[PDB]
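In what follows, a structure is listed as structure tokens, so that the remarks can point back to it.
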Amino acid sequence: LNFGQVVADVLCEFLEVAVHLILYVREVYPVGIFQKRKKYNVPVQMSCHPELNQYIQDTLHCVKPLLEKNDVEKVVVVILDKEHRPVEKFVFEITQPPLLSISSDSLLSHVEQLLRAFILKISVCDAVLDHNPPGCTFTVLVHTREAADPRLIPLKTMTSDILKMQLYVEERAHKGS
Amino acid sequence: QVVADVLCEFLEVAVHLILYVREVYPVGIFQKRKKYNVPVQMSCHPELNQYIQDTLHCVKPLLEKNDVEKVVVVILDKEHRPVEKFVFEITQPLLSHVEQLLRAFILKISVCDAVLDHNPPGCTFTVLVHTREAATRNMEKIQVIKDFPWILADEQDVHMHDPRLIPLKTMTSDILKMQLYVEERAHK
Amino acid sequence: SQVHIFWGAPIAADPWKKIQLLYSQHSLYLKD
Amino acid sequence: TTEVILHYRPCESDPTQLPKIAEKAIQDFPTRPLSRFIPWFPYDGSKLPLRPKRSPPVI
């Protein structure tokens, strides 16, 4: 494959973990379906309901080409309540630099630590989150990018810069009954 | 002792679950169990299991009387130094209600392994009970069962270097207020 | 700039059917 | 005005009604201020926690 696809591919792996984690934490779905699996040598809670896993996989299967083309502004994970009102949203914003100077080897190595740093943002963000109304569910939004002297070949950089997406959680003032 | 009865059952689960997650003890001893409607690994070892039940039993009288300010499960290495602290700040101001509120805490205990740095081999644990009043009342009150005595902890026992904060969860119920956070030593 | 809403989550060939609509003033309506 | 592309499954009984319902998910909603974590009782240094004399078996 090429760099673009290996970056895009990794992104989603993080996202697959994040959605499962956000479901576990928020108690959207009963916890029994969850078994602990190791992704990139990180203990990630993952699900064992094939109906729920398939929904997530297909979703990401449709996001991955949109990332391979830098057409993703952000991907949201709206938790909705009984009347399909958003209760809270976990916004993951993707900052994709045009240059994309960094090579993969730097990216491949910082993958586990990056996944660990991701879990922190999600895990430390919901500590202060109140409890969601009972009997909930979720959706996933994706917003395509709005707008766009080397010919090519920008100098090599080995930084971990802009290879992570930062999520800002939004909590409804009145979640509900 | 309306509330305090619930907290000990809850604290016992966390102490057991905490060990499993940080790998304080080898996994052979722990047995999957459904506590608080979550799958958690409790221990099936006698020498340790009584130590646990005996510690918390000594805390209830302070919880019945709300002499308790926080309860800290500390993980200690071979050199008996502090590495990670599981602080449980507790403020006390329908029966199956709270039993659902606390469930959040188990979930966040069980996902801390990804975010905490791996601890050193052969670790041992302990509990710190911070009383609300520094008074003697609690130090004589806390030693209900004999043959299991409490003391004061010195700086050597409690002081940790390069501590980092990993918040886990905060709840603000009408009947129980509680906070859970972990202080981690930067270099282990 | 478009937003793709994915639907169908577990209750409280081709994988996805699609409906194309437009967003105007806090309401959703179908294409021309 | 921005283009939406609702994706739904063949299982759904009502494809036609998805737009008025999903109209709810896209809507922004009044956000609660960002609460930040702060320990109620900070590390004290003058108050000593009570530690049991006994120690774990550590088998």
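When you go through (1) within 30 Å of residue B:174 (Cα to Cα); (2) among the acidic types (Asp, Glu); (3) surrounded by fewer than 18 Cβ atoms within 10 Å (Cβ to Cβ) one by one for residue A:171, which number turns out not to apply?
(3)
Which residue, of A:88, A:16, is under 12 Å from the mean Cα position of the chain (by Cα), crowded, with 16+ Cβ neighbours inside 10 Å and acidic (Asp, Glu)?
A:16
Could you list all residues from region A:152-172 that are hydrophobic (A, V, I, L, M, F, W, C) and over 24 Å from the mean Cα position of the chain (by Cα)?
A:152, A:153, A:155
So which residues in region A:136-156 are among the aliphatic types (A, V, I, L, M) and surrounded by 16 or more Cβ atoms within 10 Å (Cβ to Cβ)?
If the condition is that a residue be among the aliphatic types (A, V, I, L, M) and surrounded by 16 or more Cβ atoms within 10 Å (Cβ to Cβ), then A:140, A:141, A:142 are the ones that fit.
Give just the number: which of (1) of a type in the set (D, E, K, R); (2) more than 9 Å from every other protein chain (Cβ to nearest Cβ); (3) within 22 Å of residue B:173 (Cβ to Cβ) does residue B:108 not satisfy?
In the conditions (1) of a type in the set (D, E, K, R); (2) more than 9 Å from every other protein chain (Cβ to nearest Cβ); (3) within 22 Å of residue B:173 (Cβ to Cβ), residue B:108 misses (2) alone.
Checking residue B:133 against (1) assigned to a loop (DSSP other than H, G, I, E, B); (2) in contact with a strand residue (DSSP E or B) (Cβ under 7 Å, 6 or more places away or on another chain), only one condition comes out false. Which one?
The one condition residue B:133 does not meet is (2).
For region B:115-135, give me each residue that is surrounded by fewer than 21 Cβ atoms within 10 Å (Cβ to Cβ) and more than 12 Å from chain D (Cβ to nearest Cβ).
Hits for region B:115-135 are B:116, B:117, B:118, B:119, B:120.
Would you tally the residues in region A:122-166 being under 19 Å from residue B:103 (Cα atoms) and among the small types (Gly, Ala, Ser)?
Within region A:122-166, residues that are under 19 Å from residue B:103 (Cα atoms) and among the small types (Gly, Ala, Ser) number 3.
Tell me, please, whether a residue that is within 25 Å of the chain's Cα centre (by Cα), of a type in the set (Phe, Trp, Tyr), within 14 Å of chain B (Cβ to nearest Cβ) and surrounded by 13 or more Cβ atoms within 10 Å (Cβ to Cβ) can be found in region D:22-38.
yes
Taking only region B:28-44 into account, find how many residues are surrounded by fewer than 18 Cβ atoms within 10 Å (Cβ to Cβ) and not basic (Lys, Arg).
In the first step, residues of region B:28-44 are kept if they are surrounded by fewer than 18 Cβ atoms within 10 Å (Cβ to Cβ); the result is B:28, B:31-34, B:37, B:39, B:44.
Right, trim to not basic (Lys, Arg) and you get B:28, B:31, B:37, B:39, B:44.
The qualifying residues number 5.
Here, each number is a calculation from the coordinates, and none is a lab measurement. Methodologically, a virtual Cβ is constructed for each residue, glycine included, from the backbone with ideal geometry; neighbour enumeration extends over all protein chains shown.
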